[PDB]
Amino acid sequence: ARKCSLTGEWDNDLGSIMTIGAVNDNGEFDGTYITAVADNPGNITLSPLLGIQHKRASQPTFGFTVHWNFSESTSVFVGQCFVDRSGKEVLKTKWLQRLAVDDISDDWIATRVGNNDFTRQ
């Protein structure tokens, strides 16, 4: 396995855990995501994700979408995978979380922003 293939198990600074499947020839992948935190944390369940990474660069950019199975929200993550001289991989990401609102007039309220660093589990 080449470094910065997203395939494998990762966690982040909030305690969330992500598993990513095989990455195909075009950089596409699926996975699962167990968030440590939510608007309603009692409701949390494992949720699916789908994304794409670049493959030429040793330190590729990537993004993915998480369809939360327990709420009407969706999150997206985008970032770059870095490798240090010891071979330690870190995903540096920023994210947007979209809430569902019932009226288009309330759109302004509905997007949160943040960051997460992921390392191999």
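Note that residue numbering begins at 1 and tracks the sequence as displayed.
- Legend: mean Cα B-factor per stretch from the PDB entry, 26 to 34 versus 91 to 99; the higher mean is in 26 to 34.
- With 43 to 51 and 79 to 87 compared on mean CA B-factor from the PDB entry, the stretch scoring higher is 79 to 87.
- In the deposited entry, the Cα temperature factor of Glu9 places it in the highest third of its chain's modelled residues.
- Among all modelled residues in its chain, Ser16 ranks in the middle third by Cα B-factor.
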